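What follows is a single chain, given as structure tokens, in the form deposited in one PDB entry.
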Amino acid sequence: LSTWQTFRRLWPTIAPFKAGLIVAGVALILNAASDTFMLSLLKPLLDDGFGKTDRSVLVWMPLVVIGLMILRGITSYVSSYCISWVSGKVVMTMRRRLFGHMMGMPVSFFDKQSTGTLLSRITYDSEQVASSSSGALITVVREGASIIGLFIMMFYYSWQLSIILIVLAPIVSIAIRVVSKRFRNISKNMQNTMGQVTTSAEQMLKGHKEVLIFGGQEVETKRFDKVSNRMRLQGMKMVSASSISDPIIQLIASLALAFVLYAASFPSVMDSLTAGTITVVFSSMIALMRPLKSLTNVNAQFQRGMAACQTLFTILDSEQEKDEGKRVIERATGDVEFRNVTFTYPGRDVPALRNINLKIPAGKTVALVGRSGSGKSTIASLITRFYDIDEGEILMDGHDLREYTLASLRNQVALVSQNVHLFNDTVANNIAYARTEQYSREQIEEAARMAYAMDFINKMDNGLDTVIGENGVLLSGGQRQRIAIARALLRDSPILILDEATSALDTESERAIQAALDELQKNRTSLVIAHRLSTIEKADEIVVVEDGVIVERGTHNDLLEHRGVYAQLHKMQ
């Protein structure tokens, strides 16, 4: 994309805020008129001096000065506020769009991505668009208008002396194009290195205990020194590009003044031009040099937001998770059936699942038994369509999972596990997450009571109104699991995927969690990734998965009689 093609994509997110641009332009025009009036009123005083001015006017001069200063202040405030308003609105819109697009990405997208990269895209890359939104555009318009008006003036006074403008405009245009490409390249490099800095800090924070145990504060110091210096040198590249471009443009511009002075040294080429137009033309190019410098100065900021806009639009054109299904399931009252389901993780060679033929009958419990890495977690992820299967089909209520909408499909499945993510909000808002307007406080309290969680909630500062989250008031593993059980009871999801806890907690918490899960939770179509023999023995059907295939299936007594894999696994339990 060229600097015009990417700007036309950025215009639709500035159009809702073009009223600020219009008001800023009107205020700037008023300010220019006031300054012109001030200069007209002030030139006699500065040039001729005091004494040649009428005394009566001098009495009213201070009030005029104060009023003109007040008008200038009002217009300046209006212009600055409107420009910054448009810039901030555009930056906020870009941030929200990036956040929503990241929210719509597939689960596989986040495995190949680093968190620091996305964080820098939201926090750093979006801010760089601010320049090319309001301030740079207005500056470009003003300086271009000044340059065009000066060109028309120069060709009106002397067209022959102005052929140097036709000679030199392509040169400055070429230089501006070259340095604009350079600016965009440097800006993209800076964005990448900012993401790298964020990632390096994140990796130090995530492995801080490993840095303490093994030492290596020195090696991490050097590793971060490299990235910090890389960001420093990228900024230096930007500065050097700007500081080399501006003087070169100014020198090419002054080539015109040099040509005019050389032409004015010829008596033959001096009397024809009356020696009065030459002075006007020379002053015109002198006045032309300044807006050119302003334009080249604003070009660097404009190309830093054009490079950010290009990256942001490339991100916003990415492929989100496929939602081509149109059916809307209300309640899954049927059986979840796997029909020859073969799945391979993206980027991996060996399939995680091979020819899986698994049925979960309605209202029954199926226990997935197997070692770590066998594929039970893959089955759980495929049921909720976090990944799409390569071959086969998974049927919910007799229809394939890819035919239902993602929202309606995921409204049917409840995921209960020891590891619970707590959203930064109140406890009741966590129990009724995404459905606060649907469930009342009485229903929330009933669900929390049924999940055996009211005791610890009532032992807090505000009970159900205590603001909890991952950052702040947190809960132990049992308490968050009971909160998840309360959420699943309130939602009343027909299908339950239970990822069992590998380690038992204290007797009270264990008893409460077991009572909740047994009496209240497990009365629906349940698939449990089980870990303790007790829950295996209480399951309606047991499926043994080894190396991505099902090697055994049946009940506890049946599989004990078969003396298969489950026999040995129950033995070592």
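Between two forms, the rigid core is defined as the largest C-alpha subset superposing within 1.5 Å. Just count from 1 along the sequence shown to find any residue number.
Quick note: we don't show the form deposited in another entry, though the next part is all about it.
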| property | result |
| --- | --- |
| Listed options 321, 500, 127, 246; Cα moving by 2 angstroms or more between the shown form and the other one (core superposition) | 500 |
| Core-aligned C-alpha movement of residue 373 between the shown form and the other one reaching 2 Å | no |
| Core-aligned C-alpha movement of residue 160 between the shown form and the other one, 2 Å or more | no |
| Cα displacement of residue 393 between the shown form and the other one reaching 2 Å, rigid core superposed | no |
| Direction of the Cα shift between residue 269 and residue 258 in that other deposited form, where the change is 3 Å or more | farther |
| Closer or farther in that other deposited form, the Cα atoms of residue 273 and residue 165, when the shift from this form is 3 Å or more | farther |
